[PDB]
Structures are given as C-alpha cells and as structure tokens.
There are 2 protein chains.
Amino acid sequence: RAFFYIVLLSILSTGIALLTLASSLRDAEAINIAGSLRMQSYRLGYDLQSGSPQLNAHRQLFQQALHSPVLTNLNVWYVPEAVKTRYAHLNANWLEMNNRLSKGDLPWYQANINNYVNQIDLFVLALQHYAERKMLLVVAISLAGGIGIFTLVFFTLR
Amino acid sequence: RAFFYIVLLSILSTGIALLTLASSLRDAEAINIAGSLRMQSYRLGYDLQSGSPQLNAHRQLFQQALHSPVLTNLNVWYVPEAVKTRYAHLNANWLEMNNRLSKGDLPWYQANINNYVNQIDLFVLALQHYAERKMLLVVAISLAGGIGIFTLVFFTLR
C-alpha cells in the first residue's frame with residue numbers, strides 16, 4: 001500500500017509535468033514570432049514612407065509569419081479561448097492593412113498603426129501570461145510531487 | 001536504505017526542477033520585452049520620416065525598455081555568456097542610434113536599420129533558445145525523477 005502510493009504519486013506528478021512541458025516546448029518561439037509581427041508592421045510603414053522596393057516582400061513575409069505553424073498550432077482545444085480569439089482578430093486586421101498597403105494609403109496607415117500594433121501587443125501578452133500559468137503549474141506539481149513522496153516516505157519509514 | 005533513496009531522488013529531482021523553473025518564471029516576459037525593442041526601433045524611423053511629435057518620447061521609452069529589470073537581471077552568473085554579451089552590444093548600438101536620431105540623421109538610419117534590428121533579432125533568439133534548454137532540463141529531470149522512483153519502488157516492492 002505504501003509503495004503503491006509512492007509510485008502512483010511519482011507517475012501522476014511526472015506525467016502532468018511532462019504533459020504540460022510538452023505543450024510548452026514552443027512557448028518561447030511563439031512569443032518571439034508573435035512579437036516580430038509588431039516590428040514587421042512598423043517596418044511596413046517605414047517602407048511605405050521611404051518608397052522602399054522591399055514593400056511587397058515584407059507584406060508577404062508578415063503574412064507568412066502570421067500564419068506560421070507555431071501560431072496556427074494555437075488553434076487547439078487546450079489553448080485558452082482568449083489566445084485563439086486574439087489571433088483570429090489579428091488575421092482579420094491584416095487583410096485590411098495589406099489591402100491599404102497595396103493601394104499606397106499612408107494616411108490611413110498613419111491613423112491606424114498605433115491601434116493595429118496595440119492589438120498585436122495584447123496577443124503577445126496573452127501568450128506571455130499563458131506560458132507563465134503553465135510554467136507555474138509545472139512548479140506546483142513538481143513541488144507537490146517531491147513533497148508528497150517525502151511525506152509518504154517519512155511516515156512509511158517511521 | 002530503499003526509502004532513503006526514494007526520498008533523496010524525490011528531493012533532488014524536485015529541487016533541481018524548481019530551481020530551474022524559478023530561474024525561468026520571467027523567460028517569456030524577457031522574450032516579449034526584448035522582442036519589442038525591434039518594433040520600437042522601426043517605429044523610431046517611422047517617427048523620423050513622418051516628423052512625429054512623439055519621437056523623443058519613443059526614444060526614451062526604448063531606452064527604458066532596454067534597461068528594464070527583466071533584461072538587466074540577465075547580467076547574472078548563471079545566464080550564459082552569449083546572452084549577456086549580446087545584451088551589452090545592444091546597449092552600445094543604442095547610444096549611436098539615439099545620437100543619430102537626435103541629429104535628425106535619416107540617411108544613416110536608412111542605411112543601418114536592418115543590421116541594427118538583425119542584432120536585436122539575434123539577442124531575442126538567444127533568449128528563446130536559452131529558455132528552451134532550461135525547459136528541456138526540467139523535462140529531463142521530471143522524467144528521470146518519475147522513472148527513478150518507479151524503478152526504486154518496483155524492485156523494493158518485488
């Protein structure tokens with residue numbers, strides 16, 4: 001009975017920790033790439049102002065980053081609704097921004113870029129928070145697991 | 001002897017995991033804020049091109065983000081040399097960029113911004129990688145801990 005509970009605990013704690021860790025091996029990547037969307041968005045305005053030849057390539061590059069695996073992989077049952085919903089919004093905002101950029105519309109860009117980037121900012125923040133809650137969970141269960149086993153062994157040994 | 005090894009293992013595994021996790025509760029924040037430096041850098045060029053009144057505020061805002069606690073806290077013995085060294089570079093590059101921005105020097109900006117942002121990019125990538133190695137470690141020890149205890153209990157029970 002004593003050892004059964006020690007193994008059960010070791011398997012549960014280790015299992016949940018690894019399952020959460022496995023769903024977090026790309027949290028940092030996501031935050032980086034989501035983050036970059038902000039720079040790319042302002043770099044587009046900078047291209048539009050300097051008449052850079054690179055405008056169209058950056059347009060498509062932003063689109064590619066937006067729809068990167070890591071970010072598309074956020075549309076899964078276990079990723080909170082807030083993250084998936086913010087992502088979806090970004091995806092809609094981009095269509096307008098891109099269309100505006102194709103029509104050379106700097107005045108609309110100047111007027112909207114702050115809000116536009118603020119939204120990306122919120123998204124990135126949600127990823128940040130999400131990644132922290134999960135890391136916390138790992139902490140709580142790794143802790144409780146080491147404590148539980150220490151307690152089970154303390155009484156059993158006694 | 002059997003239970004002594006089961007507790008020792010539970011304490012080691014849990015200890016190292018928590019110690020690594022504790023040194024990673026702000027990995028996501030770091031990547032976000034380091035990431036933002038990229039956007040802020042291009043937003044500065046955009047201000048400089050549009051003659052925005054916000055130029056000076058963004059200059060100082062970038063400086064404040066650059067020197068944020070989370071990022072200054074990277075200068076510690078247990079953070080790899082590569083991260084601390086890239087950070088230091090950013091800190092030097094900013095002084096030139098800021099001085100150039102004060103003298104209204106768009107031509108130098110246009111010519112250097114890509115390289116300048118590429119460096120921030122590398123920094124952010126190093127933070128990303130660093131955060132992943134640590135998360136891996138947590139995975140490896142949480143795993144080995146649950147396995148070790150399962151094995152210790154299997155033989156002891158047998």
# chains A, B, ... in the order shown; residues from 1 in each chain; ligands from 1
call {"tool": "select_by_dssp", "arguments": {"residues": "stretch 20-126 of chain B", "states": "helix (DSSP H, G or I)", "output": "PyMOL selection string"}}
result
chain B and resi 20-22+27-50+55-66+69-72+81-102+106-126
call {"tool": "residues_around", "arguments": {"residues": "stretch 27-37 of chain B", "least_positions_apart": "2", "cutoff": "8 Å", "atoms": "only C-alpha atoms", "output": "MDAnalysis selection string"}}
result
(chainID A and resid 27:28 31:32 35:36 38:39 124:125 128 131:132) or (chainID B and resid 24:25 39:41 62 65:66 70:71 120:121 123:124 127:128 131)
call {"tool": "closest_atom_pairs", "arguments": {"of": "chain A", "to": "chain B", "cutoff": "6 Å", "atoms": "only C-alpha atoms", "output": "tab-separated table"}}
result
residue	atom	partner	partner_atom	distance
A:7	CA	B:150	CA	5.3
A:10	CA	B:146	CA	4.8
A:11	CA	B:146	CA	5.7
A:14	CA	B:146	CA	5.2
A:18	CA	B:139	CA	5.9
A:28	CA	B:128	CA	5.3
A:35	CA	B:35	CA	5.8
A:38	CA	B:39	CA	5.5
A:39	CA	B:39	CA	3.6
A:42	CA	B:43	CA	5.6
A:43	CA	B:42	CA	5.6
A:46	CA	B:46	CA	5.2
A:128	CA	B:28	CA	5.3
A:139	CA	B:18	CA	5.9
A:142	CA	B:14	CA	5.6
A:143	CA	B:14	CA	5.9
A:146	CA	B:10	CA	4.8
A:150	CA	B:7	CA	5.3
call {"tool": "write_last_selection", "arguments": {"atoms": "C-alpha atoms", "output": "PDB file, in the first residue's frame"}}
result
ATOM      1  CA  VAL A   7       4.686   5.132  -7.424  1.00  0.00           C
ATOM      2  CA  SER A  10       5.616   9.752  -8.932  1.00  0.00           C
ATOM      3  CA  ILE A  11       3.725   8.779 -12.094  1.00  0.00           C
ATOM      4  CA  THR A  14       5.839  13.338 -13.539  1.00  0.00           C
ATOM      5  CA  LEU A  18       5.797  16.352 -18.752  1.00  0.00           C
ATOM      6  CA  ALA A  28       9.154  30.997 -26.267  1.00  0.00           C
ATOM      7  CA  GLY A  35       6.322  39.578 -31.172  1.00  0.00           C
ATOM      8  CA  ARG A  38       4.861  44.220 -34.331  1.00  0.00           C
ATOM      9  CA  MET A  39       8.209  45.152 -35.881  1.00  0.00           C
ATOM     10  CA  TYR A  42       6.021  49.251 -38.362  1.00  0.00           C
ATOM     11  CA  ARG A  43       8.720  48.240 -40.879  1.00  0.00           C
ATOM     12  CA  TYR A  46       8.693  52.691 -42.918  1.00  0.00           C
ATOM     13  CA  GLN A 128       3.267  35.513 -22.271  1.00  0.00           C
ATOM     14  CA  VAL A 139       6.267  24.255 -10.497  1.00  0.00           C
ATOM     15  CA  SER A 142       6.917  19.230  -9.292  1.00  0.00           C
ATOM     16  CA  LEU A 143       6.836  20.686  -5.787  1.00  0.00           C
ATOM     17  CA  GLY A 146       8.582  15.953  -4.211  1.00  0.00           C
ATOM     18  CA  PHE A 150       8.901  12.906   1.072  1.00  0.00           C
TER      19      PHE A 150
END
call {"tool": "closest_residue", "arguments": {"among": "A:102, A:52, A:63, A:72", "to": "residue A:88", "atoms": "only C-alpha atoms"}}
result
A:72
call {"tool": "closest_residue", "arguments": {"among": "A:115, A:134, A:103, A:126", "to": "residue A:87", "atoms": "only C-alpha atoms"}}
result
A:126
call {"tool": "atom_distance", "arguments": {"atom1": "atom CA of residue A:73", "atom2": "atom CA of residue B:23"}}
result
26.9 Å
call {"tool": "atom_distance", "arguments": {"atom1": "atom CA of residue A:99", "atom2": "atom CA of residue B:116"}}
result
28.8 Å
